[PDB]
Amino acid sequence: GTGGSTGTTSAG
Amino acid sequence: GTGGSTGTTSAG
Amino acid sequence: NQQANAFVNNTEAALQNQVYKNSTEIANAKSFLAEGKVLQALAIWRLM
Amino acid sequence: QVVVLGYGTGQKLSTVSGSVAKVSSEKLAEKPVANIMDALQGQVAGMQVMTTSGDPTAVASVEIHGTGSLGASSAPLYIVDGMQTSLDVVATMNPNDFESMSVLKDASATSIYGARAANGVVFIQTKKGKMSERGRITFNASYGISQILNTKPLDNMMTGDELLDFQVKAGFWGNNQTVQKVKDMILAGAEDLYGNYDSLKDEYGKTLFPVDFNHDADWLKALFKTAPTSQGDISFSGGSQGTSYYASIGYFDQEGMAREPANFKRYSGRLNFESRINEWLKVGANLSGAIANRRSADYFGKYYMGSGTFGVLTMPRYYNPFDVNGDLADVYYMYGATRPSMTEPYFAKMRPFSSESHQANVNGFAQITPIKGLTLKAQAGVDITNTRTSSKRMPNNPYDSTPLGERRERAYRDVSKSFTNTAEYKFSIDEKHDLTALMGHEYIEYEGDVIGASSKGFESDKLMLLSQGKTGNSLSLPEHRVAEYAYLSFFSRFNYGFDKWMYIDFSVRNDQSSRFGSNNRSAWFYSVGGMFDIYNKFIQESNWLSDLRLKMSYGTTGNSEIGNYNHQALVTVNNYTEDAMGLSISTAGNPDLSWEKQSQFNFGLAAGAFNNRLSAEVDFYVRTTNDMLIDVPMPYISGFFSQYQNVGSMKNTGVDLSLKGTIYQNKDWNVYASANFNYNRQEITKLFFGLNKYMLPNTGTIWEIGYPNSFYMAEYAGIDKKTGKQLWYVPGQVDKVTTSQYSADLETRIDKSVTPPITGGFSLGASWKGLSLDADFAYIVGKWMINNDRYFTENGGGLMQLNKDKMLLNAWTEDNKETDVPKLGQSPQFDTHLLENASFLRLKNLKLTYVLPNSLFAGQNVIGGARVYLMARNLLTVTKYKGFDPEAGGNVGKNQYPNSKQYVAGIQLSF
Amino acid sequence: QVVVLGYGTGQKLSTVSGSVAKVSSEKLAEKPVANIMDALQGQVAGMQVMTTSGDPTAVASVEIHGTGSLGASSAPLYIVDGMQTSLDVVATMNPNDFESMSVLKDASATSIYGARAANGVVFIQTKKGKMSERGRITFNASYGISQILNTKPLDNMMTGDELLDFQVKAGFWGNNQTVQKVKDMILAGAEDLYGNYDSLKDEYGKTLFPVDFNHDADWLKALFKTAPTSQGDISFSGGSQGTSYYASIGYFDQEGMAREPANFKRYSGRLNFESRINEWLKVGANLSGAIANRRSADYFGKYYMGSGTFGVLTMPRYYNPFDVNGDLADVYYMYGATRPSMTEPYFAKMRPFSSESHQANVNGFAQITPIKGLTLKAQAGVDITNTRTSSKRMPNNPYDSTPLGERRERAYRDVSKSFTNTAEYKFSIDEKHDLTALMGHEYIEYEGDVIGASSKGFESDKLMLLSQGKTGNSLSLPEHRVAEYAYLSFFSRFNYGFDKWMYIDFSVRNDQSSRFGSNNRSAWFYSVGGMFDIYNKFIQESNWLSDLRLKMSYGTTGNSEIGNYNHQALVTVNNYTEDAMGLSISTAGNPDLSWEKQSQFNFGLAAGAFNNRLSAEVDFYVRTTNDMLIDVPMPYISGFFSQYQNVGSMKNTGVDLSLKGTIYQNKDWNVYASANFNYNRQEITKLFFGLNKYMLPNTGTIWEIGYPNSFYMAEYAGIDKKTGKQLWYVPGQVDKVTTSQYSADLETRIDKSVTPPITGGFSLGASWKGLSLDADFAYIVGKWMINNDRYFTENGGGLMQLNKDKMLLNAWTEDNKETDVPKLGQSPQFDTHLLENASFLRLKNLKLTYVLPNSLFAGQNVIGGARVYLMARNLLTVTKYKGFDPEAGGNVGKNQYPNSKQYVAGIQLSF
Amino acid sequence: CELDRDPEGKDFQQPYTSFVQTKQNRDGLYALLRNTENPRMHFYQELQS
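These protein sequences, in sequence, are chains A, B, C, D, E and F.
Counting from 0, one number per residue, gives the positions in the first sequence under the entry's author numbering.
Counting from 0, one number per residue, gives the positions in the second sequence under the entry's author numbering.
Counting from 117, one number per residue, gives the positions in the third sequence under the entry's author numbering.
Here the fourth sequence stands for residues 103 to 837, 842 to 1017, numbered as in the entry's author numbering.
Here the fifth sequence stands for residues 103 to 837, 842 to 1017, numbered as in the entry's author numbering.
Counting from 20, one number per residue, gives the positions in the sixth sequence under the entry's author numbering.
Structural data, given as structure tokens:
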């Protein structure tokens, strides 16, 4: 699925 | 080589 | 005349086997078949 | 001998009733070309094979018992110890691994490959390795050179000083021009073209002369060379109690004789393995692989000014492609040229090409023998081919239209797989009766695809990836093609034998396929055959006769080499508006698409005299083809232009015979000879909707009912001595009357057939003390061919800038009125005077070998023997053709790649 | 035991000085996953292995003796009976063909794979088949199911009726809104969205309800399922006098547990063959192949609304993707959506994907023994992989942006080849001295490429070839990538042994490569090692001690896992005008690019007591890495931003031990146990141009001199009970003082390392009468991980439409002032409160098997035995992490694919 | 064992299996009617008068 990438994530 | 197709040939 | 026969027979054989998933597609496919019958009648009347 | 025809274990060779022909391993090995079928020209009686090109990457064309169809293919079914292949895949296999090759050609031998065996079947079997105490190593190596067959059509051409005179008298250069005024300035002004280009601005008149009149140039050395060929192999053969293996690794490099590149190079390996596990099971596997790099000369069969053999014949001799040192230069000059024309190594350097093919074959079987006679066999096989080619066009060369470069990449994948499950049972009812029963299942499946991507607009040689082209308008759509099919089958065969003298076999097969139309998809084929040994019952002994057998058979087969998708009404794009697409029917198919059914009746007898010294075999066959495929023209109630259905009928009646013999002089001398012959005449029985004749559009032939398909052209009656014009005959109106005007109503059926009827070959060999010498000859007589290059080399008017024949100097004029050639103001048509007799007799190979004697390797326990051999292929050819090769073509001889003669020398250490 | 470490024949296991660890065939076979390394978690001491995804197409990450480099890779060298491989290629090989697996980890075992063996080497050896009178058939079959490990983070989430209240009190829906006014009309107006679309216009409120408030929905059942797994194999092992074979054909199908598809399926075959030809020659060949179809779940590790485990945690419970029948529907509804959002099987149906990989391995050797001790071996190998993938996007689906479809095709080709030529000689000088000498040559070569072509604009499902797209603006540039390298090497090794008790080996190797810079391309490596048997000389016998050995070694190795093209100054496009291109330098390279040289000192001892009942082994290692690779920041006189040179140093000091033991109760009972442990602490010795600390940009870590690379974040001190804001500590300023304002100057080095130091595992097993039971445990303690999903599930302000934790209901306010969570008007940062303790203890597999007794197969000569087994993988896991899996990740736990527990049951007929 | 293959790259004539196939075949039939019933085909009844 997809739709909006809703991200404030950290770098791996 | 190429340049001019010089043809009045018959069908194979 | 040949291609109208193919289209009308294929749409009838699709409406008989229930391949359309809702009611709007059936209500449109009946109209498409009724459009094909006029083209059959026109292509026969021109030759006659 | 023991032959495995079809399925199940082998019977015998004096028991089979189907006229097979077994070729042993002596005739296949040591050959210096890539195709294995070309070494069989003249061996198997009734099978004609012709290689129509002298490429390393060419493939021979095989036809057993005539051409059985006007409309489909004629090539046989080539299966290799089980699953079937194409000839391009047998060309990636080392021919030292083939143990035998049996050719099955009459029904009740072929008719259990029904719907595929209407054209016979070649059955290639691979080696299995002998069980002994210690294994054996064999190391082969060869080296040879290759060059063009004959340079006879260069004996007829004009020189430079004759062509200038003929051109200026014909008025090509000017109305009031002359030599030393045309020779000096108007065309030795090639310094106006050689002055614009920086690479050869300062080199004209100092180190390269493009126009030279004092002596002519050698265009054969400019367009053809002498090319090497290398080959090597190491093979290990071994066995033990139950287990037996044969491994091999090999290499084969062959370079084409023309200057335009064409090479074939492969590295291959094979591991045949077979081992029995316990008292009731035996497993085995044939594994093979190859990495092959092909390249083929593409500009042969087309007419381009300065390439091929057309460029050797027609390019004028006062142009010079060499420099002053005798080496080939980068460019030469033609008159009126905007750019200088590139020679062949420079054009090979500016247009690279590279192919790489990875081929794998995996074949496996498991065999179970529970009861004393039963044998259950299950066999699977996969055949995988991944090809990857790339061709570019290099940027920034000055002798071109644009300085920008192009690139194209292609990836191919062909995957085939095959399954076969048989169950055999043989048993003896009484002390003198015997029966064998086989039944089985087969499944064939093929799928393959092509992907391609191209780009253009590059400006550097290093920055030539495919994602570095120019966007916008310099980018196009990819390439993508997909094909596939499948076959299912169930077959059965019963072999009933009496005590010694009567054998009768009866077979049947059901085939279904993806190609047959959706109304008749199941096909039934059968065959019945019988052999009677008249020597073992009737005449028990005699002084001169030692064997006599009679046999006869009848069977039905079919030919499903119709297309993959030819039975269904394909719809394509026919848009109505700009937003939505439309689909409309465009081929109409037909559901009743058959498999081109044929039936063959065969009757023969085989004798042997003077205690198997002399041997003879005579065979008479009638092969009737029915339901052939033609794309017919349809009536208007179809609403289409074609239907592509099953109509027509043909029959081939023929006789073939084969003699073998042995002569002696002492206890060490040994001479032998063989000779086989096949005559085959065909006729067309019926056709379309009650037609009698039908000519296929712009082909040159006509299908007339009652005759073979012949040539359909005008007759030629020569010239007249009054006005000197060409005179063609009239069909009918006998008095015969000739007209000078040519129209398309002057065409009639010529009485010369297309496929050659008489095909044969004969061999003779000797042996003295391990030094032997064999010679094989192959002849085809009755073959006519349209010579197309003679349209250009001896026409009066039109195409005047080319080199001509010498027989245009004796042209018809007022003061020279007794000749055979017309005036100069005409244009010759395609008529009977271009048909030439292409019948030939070749010496296929002359081989002189020598095995070193066993006394020389006595103390050495390492090396156990050696062999040396010299071989010459295509040493002589006697014929009446005038086009560098009578074999290279068929119905039309165009700008052709001639067959090549070769000299190889080789060693073989059996250490 | 006999171990082949490196090259030449095996020595012994009580003679080698290099601390190898041999894993027998019991621990590798019967495993239900695709990666073979994951079955070794906790077996080999000092090697930690972690699978960071629960895909079928995932690959474990292995690290022996710590992480040796900050800048290059850490994975070992995996070579498979000769030529080296990747883990993606061992994943296409059947694990029942592996006879052993030895892990070489200290120098003077690894140091003849110099410049490749800085990270150890795993050496996988394949089966060869036993020589007996009749061969043996073995038929394995298995079946299992797979599902998600634990559903613990769903015990913390809100319901629907709690989330509505928290959202309307937080002011997300409106300023003066309320439930039964928000619940009733503003978001149960999903009939305005479900009314536009014809497929679900008449079905809202009758057979599917998108918004449901009376009871919550199950999003775990909507996003994860229970997935099957099948596996089968037939293997034939046989031999004879000299010749020995092992063949095998197998199949393995495994389906992923999530609803978004991920499968791994392969069909494979192997033929190992080895036969001696005569008294001085032996040949052999390992052949293998596979046809593997992979597919992987791509949207894991990214945050998308409604997919993964992020979609299980955060999607609100009052939305409903099912219909009224409990099955998954085509679409569900989110508020404010322009189009309905597709579920996972519909999106898997509308975006197809298909990969097919053809893999071949061909390995061959020939060995010659002329003199009594000499052994000359020549070995060649090819490794060919052709992959072909295709992914499309289907036209005319209504729940999308455009009705047009897209397609993309890709073709991959990886070809590797390797040659190895050794010469060994062993001889005894006296009655008590012994020597062995080996010297050899190696050549490795790899080349591979990718081709890709894409198209778009299709309007029919049938007309989806790649040459049927829309031209003009809907077409783009292809894809094309090419990589290659090569290695040349010459090595030597001497083994001098005294009578029983002293063994000393000394090795050296020279490597050249295409990766090393053009000024130092030749690399020299060496090693020296020694083992002393103190039991066979000093203490000849005792009552409790039965074996005691001491060993020590020192060696230098290197790590050439630098890039293929990192030593040269690449020029790229920098145009000047519009007609001609320009090229300008863009990376600057460096010619002095080394191979990241390291050196290891090792000292250990191995004891064995109570007549080999108890066994212990202790090892102490110091591994110093020098000349690591970092893309350094450069001074301005370079004219560039980076140079990518060799700077730095690191060292890992550690101790590992291993105990094995056997306990009894009777003559038929048999209990055994094992336990191994490894501690490893590292520190960074030096760095760039005199720096002390260096933080890599936006990674989260810091390299400080004197410490391992730790986490570099803010400290967290909780909230205050006055105003209820977040309080971070200050680096320094001890009184410690907290500030409410967050800035990037509040970051310091946390005292928690990145790689986990303590790694171990312990096994215990029992056996009674052919019914056995074994259990293996694996623990990693000291591992911290940033939990990223807790950024979204428990933030006060921002991202309010998602489902939250239950601990936001006890938020800080005026009437509720004694809690641990902040107010609702804030945004949490990445700090210490997201680091969680990811230390775990797993039960790796519990297996209960049973071999049927020999008295049951007495009259039957067909079947010779059988085995039945039950197996449970990942049955228990004890940890303190809160993110569905502590193992799945490293430094950051994102939207992850959890590891799965599996139950399999299998039979094995040895008939 | 089913052994018929559909030609990749073009559709063929059979009973319909969806609605967009029906709509596209109908548009193709109308584009055929466009070229069939032209004014160009009716000049021969007019010139014979």
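Cβ coordinates follow ideal geometry from the N, Cα and C atoms, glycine included.
What residues in its chain sit with their C-beta under 6 angstroms from that of residue i, if we drop five residues either side in the sequence?
i	result
residue 246 (chain E)	134, 331, 1008, 1009, 1010
residue 911 (chain D)	258, 899, 900
Of all Cβ atoms in chain G, is any one closer than 9 angstroms to the Cβ of residue i?
i	result
residue 997 (chain D)	In the structure shown, chain G cannot be found, because the protein chains are A, B, C, D, E and F.
Can you pull the chain C residues whose beta carbon is under 7 angstroms from the beta carbon of residue i, in chain order?
i	result
residue 37 (chain F)	135
For residue i and residue j, which I take to be in contact (beta-carbon distance under 8 angstroms), what is that distance rounded to the nearest angstrom?
i	j	result
residue 346 (chain E)	residue 198 (chain E)	Actually they are not in contact, since the Cβ atoms of residue 346 (chain E) and residue 198 (chain E) sit about 18 angstroms apart, beyond 8 angstroms.
residue 703 (chain E)	residue 667 (chain E)	That belief does not hold up - the Cβ atoms of residue 703 (chain E) and residue 667 (chain E) are roughly 34 angstroms apart, past 8 angstroms.
residue 220 (chain D)	residue 622 (chain D)	That pair is no contact at about 17 angstroms.
residue 817 (chain D)	residue 831 (chain D)	4 angstroms
Taking C-alpha atoms, which residue in the options lies nearest to residue i?
i	options	result
residue 942 (chain D)	D:959, D:995, D:553, D:981	D:995
residue 979 (chain D)	D:487, D:934, D:248	D:248
residue 326 (chain D)	D:334, D:447, D:302, D:208	D:447
residue 498 (chain E)	E:486, E:563, E:511, E:434	E:563
residue 162 (chain E)	E:1005, E:1014, E:230	E:1005
residue 742 (chain E)	E:715, E:689, E:982	E:689
residue 287 (chain E)	E:313, E:958, E:897	E:313
residue 527 (chain E)	E:598, E:591, E:491	E:598
Using a threshold of 8 angstroms, is the CB atom of residue i nearer than that to any non-hydrogen atom of the ligand ATP?
i	result
residue 788 (chain E)	For the structure depicted, the ligand ATP is absent and the ligand set is empty, with no information on it obtainable.
Apart from the five residues just before and just after residue i, which ones in its own chain have a Cβ nearer than 7 angstroms to its Cβ?
i	result
residue 472 (chain D)	382
residue 202 (chain E)	124, 125, 126, 127, 227
residue 164 (chain E)	139, 149, 151, 177, 178
residue 551 (chain E)	515, 583, 584
Given that residue i touches chain B, what residues does it touch there, using C-beta distances under 9 angstroms?
i	result
residue 839 (chain D)	This structure gives no coordinates for residue 839 (chain D). The numbering of chain D moves from 837 immediately to 842.
Along chain D, in chain order, which residues have C-beta atoms closer than 9 angstroms to that of residue i?
i	result
residue 343 (chain E)	342, 343
Below 9 angstroms on C-beta distance, what does residue i contact in chain E?
i	result
residue 138 (chain C)	300, 301, 302, 303, 304, 305
Along chain B, which residues have their Cβ under 7 angstroms away from the Cβ of residue i?
i	result
residue 446 (chain D)	0
Is the region 765 to 775 of chain E touching the region 868 to 880 of chain E, taking contact as three or more C-beta pairs under 8 angstroms? Yes, they touch.
Would you call the region 362 to 369 of chain E in contact with the region 262 to 282 of chain E, where contact means no fewer than 3 C-beta pairs closer than 8 angstroms? no
Does the region 304 to 312 of chain D touch the region 408 to 427 of chain D, meaning 3 or more C-beta pairs lie closer than 8 angstroms? Flag = yes, the region 408 to 427 of chain D and the region 304 to 312 of chain D touch.
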